[PDB]
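Take a look at the structure below.
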Number of protein chains: 2
Amino acid sequence: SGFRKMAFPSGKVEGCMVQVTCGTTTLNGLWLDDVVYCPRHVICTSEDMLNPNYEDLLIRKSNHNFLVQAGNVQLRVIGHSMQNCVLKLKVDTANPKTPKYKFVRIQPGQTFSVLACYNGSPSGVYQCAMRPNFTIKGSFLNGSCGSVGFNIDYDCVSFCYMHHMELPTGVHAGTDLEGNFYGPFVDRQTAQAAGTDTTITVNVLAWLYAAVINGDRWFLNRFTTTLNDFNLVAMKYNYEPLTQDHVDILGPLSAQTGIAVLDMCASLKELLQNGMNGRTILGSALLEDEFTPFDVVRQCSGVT
Amino acid sequence: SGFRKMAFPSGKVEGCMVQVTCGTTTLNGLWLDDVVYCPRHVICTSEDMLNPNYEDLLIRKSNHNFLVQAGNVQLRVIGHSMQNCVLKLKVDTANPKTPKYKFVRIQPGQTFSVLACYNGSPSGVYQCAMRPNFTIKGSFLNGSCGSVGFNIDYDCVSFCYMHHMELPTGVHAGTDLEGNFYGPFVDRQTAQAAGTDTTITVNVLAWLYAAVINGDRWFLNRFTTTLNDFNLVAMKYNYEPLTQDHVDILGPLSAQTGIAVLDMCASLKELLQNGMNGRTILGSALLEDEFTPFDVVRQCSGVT
Ligand SMILES: CC(=O)NCc1ccc(S(N)(=O)=O)cc1
Ligand SMILES: CC(=O)NCc1ccc(S(N)(=O)=O)cc1
């Protein structure tokens with residue numbers, strides 16, 4: 001028993017982290033087979049970042065301008081290309097620690113693990129969610145660009161995020177491993193405001209199920225509601241609308257606990273309207289939305 | 001910027017996890033050099049756990065009764081001994097992935113990473129603290145016994161915890177890697193109540209410093225206090241007494257932020273007396289005490 005914000009074991013990804021240096025800029029790269037993936041802004045001076053023309057900056061760069069170091073050993077770059085906002089550096093050596101892997105573009109509300117890295121060296125691992133405004137709330141200092149987000153299915157690492165920038169509000173923006181930004185963000189040092197950071201309703205419901213499973217049940221009430229009635233309250237409280245797809249996804253937690261999804265919706269509605277009144281749920285004074293229904297099943301069942 | 005509950009990268013420890021089976025009991029072992037460490041209750045039936053005589057149960061066990069599997073490969077057990085509440089199984093093969101390592105017994109308030117494992121396979125990694133009542137608030141299902149807690153200093157894993165039991169209140173108890181329980185707990189299925197779970201004051205102060213550093217400053221007030229005055233409020237709110245040793249440890253965060261430790265104490269005092277009034281700090285509606293001053297410096301500076 002007990003419920004923790006839990007990251008995937010990071011060893012498979014630690015095995016892939018390298019240092020990329022172009023001129024005086026160093027950041028992190030991901031070494032899979034004989035390709036190193038990194039943010040294309042590795043080619044920018046801090047001046048360049050104000051208004052970079054990436055195609056024009058890249059003309060001035062050759063293979064030997066990209067310095068790739070894996071541990072204390074230099075990789076030979078035999079090719080480079082730009083795909084959206086990432087550089088792919090072809091090296092002459094396949095990463096021998098390359099795990100089974102996929103590139104996946106996640107949806108808002110989806111959770112993943114970040115291996116925060118500096119100079120191609122892992123510092124830490126944390127769990128986070130793609131926010132409905134396509135930001136993430138990470139912990140990233142200068143040099144952390146190219147740090148990656150991932151999920152693991154048994155022995156297959158699905159990479160979903162590469163870190164690129166911090167917005168002036170101190171939230172984070174990045175790409176999938178095809179170099180396409182989540183949300184409207186660009187790899188430029190300009191005014192970029194995030195939209196409304198709404199609460200991931202289905203994730204809150206999953207976490208309330210996790211709480212019931214772990215014995216925290218004080219918030220269970222006498223009421224039910226409808227998807228339409230619930231959604232009126234959701235909208236008022238900047239919670240994402242709940243769809244029948246979300247209800248279906250919560251089916252197994254509903255079944256395990258014998259609490260119908262709409263009854264749990266009515267409990268959540270009373271928590272929004274009444275607040276927590278100084279009480280906690282799974283040791284939180286606010287409603288946690290960075291567990292997916294899949295995360296709650298995984299942690300409550302013990303998947304490895 | 002941003003501040004996350006961050007675990008150490010787990011790969012060095014993933015490399016050490018094995019499955020130990022004695023009779024019908026399977027749990028996790030830690031394979032360092034040619035020794036596998038595991039909870040001695042691996043030799044107990046669920047009946048045995050009510051009143052185990054470990055010395056007498058162990059007489060009935062030989063080397064070949066301990067089945068050690070690392071991946072899908074069986075290790076040969078050439079010796080076994082009981083040290084306090086752990087078994088040490090000598091195997092004929094040194095773990096080739098053995099990291100540089102130490103065994104350390106931590107103090108209450110100290111944080112560490114847990115690699116939660118089942119059948120010797122890592123499922124997840126989370127950060128937690130040795131509570132002042134020598135419990136930890138983990139996430140452990142049946143089969144998670146032998147899962148270990150650790151800190152990393154560059155390339156040296158300091159193992160500080162092995163998971164042994166869940167108390168009837170659903171909090172967790174375990175040993176250092178010499179098999180000595182944290183607190184008064186025993187590896188027996190009996191009434192065992194935890195003492196007062198007090199708040200780790202120095203850790204709250206560290207986290208308030210982390211908040212100031214990351215731009216969350218609304219709680220900074222006009223007041224100071226003394227260690228004696230502060231400690232009167234601490235005691236009233238079940239916070240641990242603050243010592244001059246704690247003040248000294250907070251010195252570098254004090255220096256970085258230009259907020260004297262006693263002024264931050266006076267801010268914390270007003271937060272205890274006034275509550276958060278529906279406001280958050282680093283996205284928490286309560287005061288987080290599972291970051292050490294060292295954790296805050298590490299995360300705010302980017303140590304790898
Ligand atoms: C050329 C060769 O034989 N092997 C390639 C290799 C493998 C691992 C690393 S690593 N994980 O130390 O950075 C670096 C280079
Ligand atoms: C006998 C030998 O040559 N090597 C020992 C060995 C190394 C690694 C593993 S492991 N990490 O697959 O479980 C299992 C056994």
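As a basis for the values below, the full set of heavy atoms in this structure was taken, side chains included, without hydrogen atoms, waters or symmetry mates. Residue numbering restarts at 1 for every chain, and letters A, B, ... go by the order of the sequence lines.
From B:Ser123, atom OG reaches atom CD1 of A:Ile152 across 11.0 Å, with rounding to the nearest 0.5 Å. Once rounded to the nearest 0.5 Å, the distance linking SG of A:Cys128 with CZ of B:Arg4 reads 5.5 Å.
Counting non-hydrogen atoms of other residues, nucleotides and ligands closer than 6.0 Å to CG of B:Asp197 gives a total above 12. Enclosure of atom CZ in A:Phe219 by more than 12 non-hydrogen atoms of other residues, nucleotides or ligands within 6.0 angstrom is indicated. In A:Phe181, the CZ atom is crowded: over 12 heavy atoms of neighbouring residues, nucleotides or ligands sit closer than 6.0 Å.
Highest contact tally toward chain A, considering only B:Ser301, B:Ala285, B:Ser284, is held by B:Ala285 [criterion: heavy-atom pairs under 4.5 Å]. Note: B:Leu286 leads B:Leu286, B:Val303, B:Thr280 in heavy-atom pairs under 4.5 Å with chain A. If you tally non-hydrogen atom pairs under 4.5 Å between each of A:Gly11, A:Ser121, A:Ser113, A:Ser139 and chain B, the highest count goes to A:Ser139. Of all the listed residues (A:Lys5, A:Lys137, A:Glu14), the one sharing the greatest number of non-hydrogen pairs under 4.5 Å with chain B is A:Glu14. No other option in B:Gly15, B:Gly124, B:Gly215 has as many heavy-atom pairs under 4.5 Å with chain A as B:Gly124.
Looking at B:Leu115, the atoms closer than 4.5 Å to chain A (heavy atoms on both sides) all sit in the side chain, from C-beta outward. With a threshold of 4.5 angstrom between heavy atoms, A:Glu166 approaches chain B through side-chain atoms but not through N, CA, C or O. Only the backbone of A:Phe3 comes within contact range of chain B, judged by heavy atoms closer than 4.5 Å. With a 4.5 angstrom heavy-atom cutoff, A:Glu290 touches chain B only via side-chain atoms.
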